[PDB]
>>> print(open('run.json').read())   # JSON, C-alpha atoms and all ligand atoms
[["chain", "number", "residue", "atom", "x", "y", "z"],
["A", 2, "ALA", "CA", -21.14, -13.41, 1.26],
["A", 3, "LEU", "CA", -18.73, -10.86, 2.71],
["A", 4, "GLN", "CA", -15.21, -10.40, 1.36],
["A", 5, "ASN", "CA", -14.06, -13.60, 3.06],
["A", 6, "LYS", "CA", -10.40, -12.58, 3.22],
["A", 7, "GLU", "CA", -9.96, -16.17, 4.41],
["A", 8, "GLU", "CA", -9.38, -16.97, 0.73],
["A", 9, "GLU", "CA", -6.00, -15.22, 0.66],
["A", 10, "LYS", "CA", -5.06, -15.93, 4.28],
["A", 11, "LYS", "CA", -1.70, -14.21, 3.86],
["A", 12, "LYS", "CA", -1.01, -14.37, 7.60],
["A", 13, "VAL", "CA", -2.73, -16.08, 10.53],
["A", 14, "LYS", "CA", -2.42, -13.07, 12.84],
["A", 15, "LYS", "CA", 0.83, -11.08, 12.65],
["A", 16, "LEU", "CA", 1.42, -7.34, 12.44],
["A", 17, "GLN", "CA", -1.35, -4.98, 11.35],
["A", 18, "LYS", "CA", -2.20, -4.47, 7.68],
["A", 19, "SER", "CA", -3.76, -1.14, 6.68],
["A", 20, "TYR", "CA", -5.19, 0.23, 3.43],
["A", 21, "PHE", "CA", -4.35, 3.73, 2.18],
["A", 22, "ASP", "CA", -6.23, 5.64, -0.53],
["A", 23, "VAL", "CA", -3.81, 7.57, -2.74],
["A", 24, "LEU", "CA", -5.94, 9.99, -4.75],
["A", 25, "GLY", "CA", -2.91, 11.99, -5.86],
["A", 26, "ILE", "CA", -1.81, 8.84, -7.69],
["A", 27, "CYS", "CA", -1.24, 9.33, -11.42],
["A", 28, "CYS", "CA", 0.43, 7.39, -14.23],
["A", 29, "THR", "CA", 2.50, 4.30, -13.36],
["A", 30, "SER", "CA", 5.95, 5.90, -13.58],
["A", 31, "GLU", "CA", 5.46, 7.11, -9.99],
["A", 32, "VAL", "CA", 5.37, 3.50, -8.84],
["A", 33, "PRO", "CA", 9.14, 3.58, -7.96],
["A", 34, "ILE", "CA", 8.71, 6.86, -6.13],
["A", 35, "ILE", "CA", 5.79, 5.52, -4.10],
["A", 36, "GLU", "CA", 7.72, 2.39, -3.16],
["A", 37, "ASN", "CA", 10.71, 4.54, -2.25],
["A", 38, "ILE", "CA", 8.67, 6.35, 0.39],
["A", 39, "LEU", "CA", 7.66, 3.07, 2.04],
["A", 40, "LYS", "CA", 11.23, 1.82, 1.86],
["A", 41, "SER", "CA", 12.37, 4.83, 3.89],
["A", 42, "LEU", "CA", 9.94, 3.78, 6.62],
["A", 43, "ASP", "CA", 11.06, 1.12, 9.09],
["A", 44, "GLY", "CA", 8.95, -1.89, 10.12],
["A", 45, "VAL", "CA", 7.38, -2.24, 6.67],
["A", 46, "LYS", "CA", 7.39, -5.84, 5.43],
["A", 47, "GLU", "CA", 5.87, -5.63, 1.96],
["A", 48, "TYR", "CA", 3.67, -3.42, -0.20],
["A", 49, "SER", "CA", 2.14, -3.17, -3.68],
["A", 50, "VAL", "CA", 0.83, -0.31, -5.82],
["A", 51, "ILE", "CA", -2.47, -1.00, -7.58],
["A", 52, "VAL", "CA", -3.30, 1.88, -9.90],
["A", 53, "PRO", "CA", -5.83, -0.25, -11.91],
["A", 54, "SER", "CA", -8.12, -0.32, -8.87],
["A", 55, "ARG", "CA", -6.73, 2.83, -7.26],
["A", 56, "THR", "CA", -5.82, 0.99, -4.06],
["A", 57, "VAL", "CA", -2.64, 0.66, -1.98],
["A", 58, "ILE", "CA", -1.85, -2.18, 0.42],
["A", 59, "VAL", "CA", 1.06, -2.37, 2.86],
["A", 60, "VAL", "CA", 1.95, -4.74, 5.71],
["A", 61, "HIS", "CA", 3.86, -3.39, 8.70],
["A", 62, "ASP", "CA", 4.19, -3.85, 12.46],
["A", 63, "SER", "CA", 2.01, -1.42, 14.39],
["A", 64, "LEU", "CA", 4.52, -1.58, 17.25],
["A", 65, "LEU", "CA", 7.46, -0.59, 15.04],
["A", 66, "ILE", "CA", 5.44, 1.83, 12.93],
["A", 67, "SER", "CA", 1.81, 2.92, 12.96],
["A", 68, "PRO", "CA", -0.43, 3.57, 9.87],
["A", 69, "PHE", "CA", -0.27, 7.29, 10.62],
["A", 70, "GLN", "CA", 3.44, 7.31, 9.84],
["A", 71, "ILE", "CA", 2.84, 5.71, 6.45],
["A", 72, "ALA", "CA", 0.05, 8.16, 5.62],
["A", 73, "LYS", "CA", 2.16, 11.09, 6.80],
["A", 74, "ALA", "CA", 5.03, 10.00, 4.58],
["A", 75, "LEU", "CA", 2.73, 10.08, 1.55],
["A", 76, "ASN", "CA", 1.43, 13.50, 2.56],
["A", 77, "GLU", "CA", 4.96, 14.89, 2.38],
["A", 78, "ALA", "CA", 5.03, 14.17, -1.36],
["A", 79, "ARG", "CA", 1.54, 15.69, -1.53],
["A", 80, "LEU", "CA", -0.13, 12.58, -2.99],
["A", 81, "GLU", "CA", -3.12, 12.80, -0.66],
["A", 82, "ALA", "CA", -3.31, 9.65, 1.48],
["A", 83, "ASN", "CA", -6.09, 8.42, 3.76],
["A", 84, "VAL", "CA", -6.69, 5.23, 5.76],
["A", 85, "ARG", "CA", -10.00, 3.62, 4.79],
["A", 86, "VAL", "CA", -12.14, 6.65, 3.98],
["A", 87, "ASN", "CA", -15.48, 6.56, 5.79],
["A", 88, "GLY", "CA", -16.82, 9.41, 3.67],
["A", 89, "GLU", "CA", -19.74, 11.14, 5.37],
["A", 90, "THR", "CA", -22.87, 9.60, 3.85],
["A", 91, "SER", "CA", -24.87, 12.79, 3.30],
["A", 92, "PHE", "CA", -28.63, 12.60, 3.77],
["A", 93, "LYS", "CA", -29.31, 14.62, 0.62],
["A", 94, "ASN", "CA", -26.73, 17.41, 0.57],
["A", 95, "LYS", "CA", -23.87, 16.22, -1.65],
["A", 96, "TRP", "CA", -22.46, 18.93, -3.91],
["B", 101, "ZN", "ZN", 2.07, 11.07, -12.89]]
>>> encode(input="run.json", output="structure tokens", more="lines below")
Ligand SMILES: [Zn+2]
Amino acid sequence: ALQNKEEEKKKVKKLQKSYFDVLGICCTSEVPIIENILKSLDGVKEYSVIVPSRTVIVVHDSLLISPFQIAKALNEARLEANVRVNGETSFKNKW
């Protein structure tokens, strides 16, 4: 029955949380490096690196900093970052 994020209910309605897909993510020793990039950014409140599920979550104020800035920062390191990939849903042509 849907994700029902209501379970966590981290915040009632503050800032704008965004999810980034880091494909260029390898090992776990890069954790510190990944966190360092976010630290450099301003407006970020908190973040966590989940390699086990290959997912990255970060909470920041859209006004202070937009998701594009976070994704761009990751791109600099060349770790390939994307905000919620919508894929393309091919009819039948898929490599
Ligand atoms: Zn590595």
>>> residues_near_ligand(input="run.json", ligand="ligand ZN 101 (chain B)", cutoff="7 Å", atoms="only C-alpha atoms and all ligand atoms", output="list in words")
residues 26, 27, 28, 29, 30 and 31 of chain A
>>> closest_residue(input="run.json", among="A:62, A:36, A:81, A:8", to="residue 23 of chain A", atoms="all atoms listed in the file")
A:81
>>> closest_residue(input="run.json", among="A:57, A:64, A:35, A:80", to="residue 20 of chain A", atoms="all atoms listed in the file")
A:57
>>> closest_residue(input="run.json", among="A:37, A:92, A:60, A:67", to="residue 12 of chain A", atoms="all atoms listed in the file")
A:60
>>> atom_distance(input="run.json", atom1="atom CA of residue 22 of chain A", atom2="atom CA of residue 39 of chain A")
14.4 Å
>>> axis_aligned_box(input="run.json", around="segment 46-59 of chain A", padding_each_side="3 Å", output="JSON")
{"center_x": -0.4, "center_y": -1.5, "center_z": -3.2, "size_x": 21.5, "size_y": 14.7, "size_z": 23.3}
>>> closest_residue(input="run.json", among="A:5, A:34, A:56, A:45", to="residue 78 of chain A", atoms="only C-alpha atoms")
A:34
>>> closest_residue(input="run.json", among="A:42, A:21, A:70, A:90", to="residue 58 of chain A", atoms="only C-alpha atoms")
A:21
>>> atom_distance(input="run.json", atom1="atom CA of residue 43 of chain A", atom2="atom CA of residue 71 of chain A")
9.8 Å
>>> atom_distance(input="run.json", atom1="atom CA of residue 6 of chain A", atom2="atom CA of residue 59 of chain A")
15.4 Å
>>> closest_residue(input="run.json", among="A:4, A:94, A:75, A:63", to="residue 40 of chain A", atoms="only C-alpha atoms")
A:75
>>> decode(input="run.json", residues="segment 63-93 of chain A", atoms="N, CA, C and O atoms", output="tab-separated table (two decimals), in the first residue's frame")
chain	number	residue	atom	x	y	z
A	63	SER	N	15.88	24.11	-0.36
A	63	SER	CA	15.86	24.45	-1.77
A	63	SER	C	16.21	25.92	-1.97
A	63	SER	O	16.87	26.28	-2.95
A	64	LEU	N	15.77	26.77	-1.05
A	64	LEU	CA	16.05	28.20	-1.15
A	64	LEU	C	17.56	28.46	-1.07
A	64	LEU	O	18.11	29.20	-1.88
A	65	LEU	N	18.20	27.86	-0.07
A	65	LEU	CA	19.64	28.04	0.10
A	65	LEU	C	20.42	27.34	-1.00
A	65	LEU	O	21.37	27.89	-1.56
A	66	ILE	N	20.02	26.11	-1.30
A	66	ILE	CA	20.69	25.33	-2.33
A	66	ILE	C	19.71	24.37	-2.99
A	66	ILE	O	18.92	23.72	-2.31
A	67	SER	N	19.77	24.30	-4.32
A	67	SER	CA	18.87	23.42	-5.06
A	67	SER	C	19.52	22.04	-5.28
A	67	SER	O	20.73	21.90	-5.16
A	68	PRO	N	18.73	21.04	-5.62
A	68	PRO	CA	19.24	19.66	-5.88
A	68	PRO	C	20.30	19.64	-6.98
A	68	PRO	O	21.23	18.83	-6.96
A	69	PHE	N	20.16	20.54	-7.95
A	69	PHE	CA	21.10	20.61	-9.06
A	69	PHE	C	22.51	20.85	-8.56
A	69	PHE	O	23.47	20.27	-9.08
A	70	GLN	N	22.65	21.70	-7.56
A	70	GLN	CA	23.96	22.00	-7.01
A	70	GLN	C	24.59	20.75	-6.41
A	70	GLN	O	25.78	20.49	-6.61
A	71	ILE	N	23.79	19.97	-5.69
A	71	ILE	CA	24.29	18.74	-5.08
A	71	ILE	C	24.73	17.76	-6.15
A	71	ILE	O	25.79	17.13	-6.04
A	72	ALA	N	23.91	17.61	-7.18
A	72	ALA	CA	24.22	16.68	-8.27
A	72	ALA	C	25.47	17.14	-9.02
A	72	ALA	O	26.31	16.33	-9.40
A	73	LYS	N	25.57	18.45	-9.23
A	73	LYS	CA	26.71	19.01	-9.94
A	73	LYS	C	28.00	18.76	-9.16
A	73	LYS	O	29.04	18.46	-9.74
A	74	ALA	N	27.92	18.88	-7.84
A	74	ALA	CA	29.09	18.67	-7.00
A	74	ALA	C	29.62	17.25	-7.18
A	74	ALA	O	30.83	17.03	-7.27
A	75	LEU	N	28.70	16.29	-7.23
A	75	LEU	CA	29.07	14.89	-7.40
A	75	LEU	C	29.69	14.67	-8.78
A	75	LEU	O	30.61	13.87	-8.94
A	76	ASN	N	29.16	15.37	-9.77
A	76	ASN	CA	29.65	15.23	-11.14
A	76	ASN	C	31.12	15.63	-11.22
A	76	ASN	O	31.90	15.02	-11.96
A	77	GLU	N	31.50	16.65	-10.46
A	77	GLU	CA	32.88	17.11	-10.46
A	77	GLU	C	33.84	15.96	-10.18
A	77	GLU	O	34.86	15.81	-10.85
A	78	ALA	N	33.49	15.14	-9.19
A	78	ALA	CA	34.33	14.00	-8.83
A	78	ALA	C	34.18	12.88	-9.86
A	78	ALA	O	34.94	11.91	-9.84
A	79	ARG	N	33.20	13.02	-10.75
A	79	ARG	CA	32.95	12.03	-11.79
A	79	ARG	C	32.40	10.73	-11.19
A	79	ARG	O	32.86	9.64	-11.51
A	80	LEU	N	31.40	10.86	-10.31
A	80	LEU	CA	30.78	9.69	-9.67
A	80	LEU	C	29.41	9.42	-10.28
A	80	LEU	O	28.68	8.55	-9.81
A	81	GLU	N	29.07	10.17	-11.32
A	81	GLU	CA	27.78	10.00	-11.98
A	81	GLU	C	26.65	10.12	-10.96
A	81	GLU	O	26.43	9.21	-10.17
A	82	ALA	N	25.95	11.25	-10.99
A	82	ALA	CA	24.84	11.48	-10.06
A	82	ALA	C	23.60	11.92	-10.83
A	82	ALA	O	23.68	12.70	-11.78
A	83	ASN	N	22.44	11.42	-10.41
A	83	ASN	CA	21.18	11.76	-11.06
A	83	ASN	C	20.05	11.81	-10.04
A	83	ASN	O	20.00	10.99	-9.12
A	84	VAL	N	19.14	12.76	-10.20
A	84	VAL	CA	18.01	12.89	-9.28
A	84	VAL	C	16.83	12.06	-9.77
A	84	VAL	O	16.25	12.35	-10.82
A	85	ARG	N	16.48	11.04	-9.00
A	85	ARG	CA	15.36	10.16	-9.35
A	85	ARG	C	15.34	9.90	-10.86
A	85	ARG	O	14.73	10.66	-11.62
A	86	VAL	N	16.00	8.83	-11.28
A	86	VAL	CA	16.04	8.50	-12.70
A	86	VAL	C	14.69	7.98	-13.17
A	86	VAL	O	14.12	7.07	-12.57
A	87	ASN	N	14.17	8.57	-14.25
A	87	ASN	CA	12.88	8.16	-14.79
A	87	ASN	C	13.07	7.14	-15.92
A	87	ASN	O	12.10	6.68	-16.52
A	88	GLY	N	14.33	6.80	-16.18
A	88	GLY	CA	14.63	5.83	-17.23
A	88	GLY	C	14.09	6.31	-18.58
A	88	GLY	O	14.30	7.46	-18.97
A	89	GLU	N	13.40	5.42	-19.28
A	89	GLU	CA	12.84	5.75	-20.58
A	89	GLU	C	11.72	4.78	-20.95
A	89	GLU	O	10.95	5.03	-21.88
A	90	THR	N	11.64	3.67	-20.22
A	90	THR	CA	10.62	2.66	-20.48
A	90	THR	C	10.48	2.41	-21.98
A	90	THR	O	9.57	2.93	-22.62
A	91	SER	N	11.39	1.62	-22.53
A	91	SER	CA	11.36	1.31	-23.95
A	91	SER	C	10.24	0.32	-24.26
A	91	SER	O	9.97	-0.59	-23.48
A	92	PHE	N	9.60	0.50	-25.41
A	92	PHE	CA	8.51	-0.38	-25.82
A	92	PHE	C	9.03	-1.81	-26.01
A	92	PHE	O	8.42	-2.77	-25.52
A	93	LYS	N	10.15	-1.94	-26.71
A	93	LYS	CA	10.73	-3.25	-26.96
A	93	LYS	C	12.23	-3.13	-27.24
A	93	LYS	O	12.98	-4.09	-27.10
